[PDB]
Amino acid sequence: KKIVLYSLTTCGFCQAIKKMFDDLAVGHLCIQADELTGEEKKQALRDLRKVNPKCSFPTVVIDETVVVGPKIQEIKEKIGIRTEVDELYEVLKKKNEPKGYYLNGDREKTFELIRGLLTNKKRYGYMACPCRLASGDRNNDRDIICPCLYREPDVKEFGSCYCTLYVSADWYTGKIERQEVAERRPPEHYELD
Amino acid sequence: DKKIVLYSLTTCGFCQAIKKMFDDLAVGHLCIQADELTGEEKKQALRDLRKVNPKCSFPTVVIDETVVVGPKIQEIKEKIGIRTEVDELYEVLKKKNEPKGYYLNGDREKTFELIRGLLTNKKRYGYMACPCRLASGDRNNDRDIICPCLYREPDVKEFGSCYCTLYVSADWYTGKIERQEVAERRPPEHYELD
Ligand code: SF4
Ligand code: SF4
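Protein sequence lines correspond, in order, to chains A and B. When you line the first sequence up against our numbering, it's residues 23 to 215, in that order. When you line the second sequence up against our numbering, it's residues 23 to 216, in that order.
Below, the structure is given as structure tokens:
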């Protein structure tokens with residue numbers, strides 16, 4: 023697959039697409055159009071205009087298909103990128119949505135939280151809460167294995183769990199204030215002394 | 023000169039963002055990635071953490087005798103004495119735009135990076151050309167894309183955010199509306215390619 027990424031050093035999403043490519047050892051050509059001369063900029067825009075008439079950044083060309091804008095799932099779909107986070111995202115969505123627990127709509131935040139669940143599943147053997155420190159002992163951590171014991175009262179009182187991974191329909195659609203959620207876990211559960 | 027300790031988790035996103043700011047501003051600190059430590063070292067880092075934050079929550083930053091619990095980057099910066107040209111411009115943009123109904127994106131990290139882009143563009147061009155667009159460097163050719171651009175008002179009225187997602191409406195901010203992708207509204211003929 024021949025990939026070209028039209029990018030700008032000042033464009034945050036352009037750098038995130040580039041980062042994903044580098045991390046997954048994807049073979050691509052990145053054009054940081056703003057680092058070019060006045061005439062090279064004109065030529066980069068003419069090349070871009072042929073595949074994206076709006077001359078907008080980011081734009082990804084994969085062989086003969088073009089993905090315009092911050093459409094990370096569509097870019098992944100044309101390149102053939104499938105990770106265990108994508109798999110777990112689908113599983114969690116199917117299981118939780120009928121229960122009224124929606125995954126946070128900020129996809130980039132939810133994806134890093136799911137990556138945290140996976141990192142915890144590998145090192146501990148269970149999906150310990152990604153925004154808490156686990157002990158590594160399953161029995162001590164039983165109340166913070168996701169979904170934790172605190173999700174139900176936290177979502178009922180504030181509209182979201184402690185990591186903001188699961189949110190209610192009201193939190194999702196802004197019908198309630200998106201309040202900060204305090205740590206409900208009894209501090210004694212660490213068994214420090 | 024201040025003694026700084028950041029209690030962090032490798033699985034905590036904001037923890038790495040606080041650490042990134044420290045490193046980029048030469049702020050010396052101890053970073054404890056509590057989850058990388060052994061079983062008994064986890065209990066001791068939690069004992070040190072518990073003394074300053076009984077709830078044993080991450081992130082937690084200790085600056086001398088003052089403790090900041092949670093993702094409170096502004097509070098951390100005020101206690102250390104961090105005050106950058108981005109902070110200055112953020113305040114100027116906030117005071118000028120909030121009374122008009124144009125709020126700065128609540129994802130404070132993304133807003134700061136956009137403001138850094140505005141500053142990078144002011145330095146290399148002489149004006150704050152839109153950081154998510156390609157500037158020519160000719161003010162007259164870029165006139166419609168000097169921040170705030172000619173397209174902010176129609177984009178925010180129709181989608182709730184400007185093209186870069188720097189300025190958002192109150193409904194976008196609180197989640198009352200869907201946060202849709204904003205397409206490039208600029209007529210491509212303005213680029214004067216041929
Ligand atoms: S707070 Fe949220 S992310 Fe953490 S364990 Fe509970 S449900 Fe899972
Ligand atoms: S799209 Fe937003 S960030 Fe870009 S110039 Fe317009 S108002 Fe400024």
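We put the CB at the ideal spot given by N, CA and C, even for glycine.
Neighbour list for residue i in chain A, Cβ cutoff strictly below 9 angstroms
i: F80(B); result: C153, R154 and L155
i: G182(B); result: Correct list: empty, because the minimum Cβ distance to chain A is about 11 angstroms.
i: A48(B); result: Per Cβ cutoff of 9 angstroms: no residues; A48(B) is ~23 angstroms from chain A at best.
i: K65(B); result: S157, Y212, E213, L214 and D215
i: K132(B); result: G34
i: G148(B); result: What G148(B) touches in chain A: nothing, since even the nearest Cβ is about 15 angstroms away.
Listed by chain order, chain B residues near residue i by CB distance under 8 angstroms
i: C52(A); result: None at all; the shortest Cβ gap to chain B is about 15 angstroms.
i: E99(A); result: None at all; the shortest Cβ gap to chain B is about 16 angstroms.
i: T195(A); result: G197 and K198
i: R200(A); result: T196 and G197
i: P175(A); result: Under the 8 angstroms cutoff, chain B gives no residues; its nearest Cβ is about 16 angstroms from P175(A).
Amino acids of chain B, ordered along the chain, whose beta-carbon sits closer than 7 angstroms to that of residue i
i: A55(A); result: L156
i: residue 232(A); result: Here chain A covers residues 23 to 215 and nothing more, so residue 232(A) does not appear.
i: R71(A); result: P210 and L215
i: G102(A); result: Ordered by position in chain B, no residue passes the 7 angstroms Cβ test against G102(A), which lies about 23 angstroms from the chain.
i: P92(A); result: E203
8 angstroms Cβ cut-off: residues of chain A touching residue i
i: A39(B); result: Residues of chain A passing the Cβ test: none, with the nearest at roughly 11 angstroms.
i: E62(B); result: Neighbours of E62(B) on chain A: none; closest Cβ ~11 angstroms, over 8 angstroms.
i: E135(B); result: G34
i: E206(B); result: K76, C77 and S78
For residue j and residue i, believed in contact at Cβ under 8 angstroms, the rounded distance
i: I101(A); j: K23(A); result: 6 angstroms
i: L140(B); j: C171(B); result: Not quite, the Cβ-Cβ distance comes to about 11 angstroms (not below 8 angstroms), so this is no contact.
i: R201(B); j: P176(B); result: The pair is not a contact, with the Cβ atoms about 17 angstroms apart (cut-off 8 angstroms).
i: residue 231(A); j: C151(A); result: Lying before the first or after the last residue shown, residue 231(A) is absent from chain A, which here runs from 23 to 215.
i: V204(B); j: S183(B); result: 6 angstroms
i: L27(A); j: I103(A); result: Contact doesn't hold; Cβ gap of about 14 angstroms is too wide.
i: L70(A); j: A56(B); result: Not confirmed; about 46 angstroms, so no contact.
i: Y213(B); j: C77(A); result: 6 angstroms
Cross-strand partners of residue i (DSSP beta bridge)
i: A151(B); result: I168(B)
i: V84(B); result: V27(B) and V89(B)
i: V190(B); result: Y125(B) and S183(B)
Terminal residues of the beta strand (DSSP E) in which residue i lies
i: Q55(B); result: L52 to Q55
Per-residue contacts from residue i into chain B (C-beta, under 9 angstroms)
i: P169(A); result: Within 9 angstroms Cβ-Cβ: nothing; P169(A) doesn't reach chain B, min ~16 angstroms.
i: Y123(A); result: By Cβ distance, chain B contributes nothing, its closest Cβ being about 16 angstroms from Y123(A), past 9 angstroms.
Partners in chain A for residue i, counting only beta-carbon separations shorter than 7 angstroms
i: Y213(B); result: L67 and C77
Boundaries (first-last residue) of the alpha helix (DSSP H) holding residue i
i: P176(B); result: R174 to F181
i: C184(B); result: Neither: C184(B) is in no alpha helix (DSSP H) and is coded neither H nor E.
i: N127(B); result: Unbroken run through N127(B): none, as it is neither H nor E.
i: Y213(B); result: From DSSP, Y213(B) is part of no alpha helix (DSSP H); its letter is neither H nor E.
i: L46(A); result: Note, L46(A): premise wrong, no alpha helix (DSSP H); not H, not E.
i: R201(B); result: First-last for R201(B): undefined, no H or E at that position.
i: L59(B); result: Note, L59(B): premise wrong, no alpha helix (DSSP H); not H, not E.
i: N163(B); result: Taken as a continuous stretch (DSSP letters only), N163(B) belongs to no alpha helix (DSSP H), as it is neither H nor E.
i: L114(A); result: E106 to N118
i: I94(A); result: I94 to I101
Closer than 7 angstroms: residue i CB and nearest ligand 4 heavy atom
i: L136(B); result: Looking at this structure, you won't find ligand 4 anywhere; what it does contain is ligand 1 and ligand 2.
- prompt: How would the residue list near ligand 1 read, in chain order, if you kept each one whose beta-carbon is closer than 5 angstroms to any heavy atom?
  reply: Taken from the N-terminal end onward, the list reads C151(A), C168(A), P169(A), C170(A), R173(A), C183(A), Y184(A), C185(A) and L187(A).
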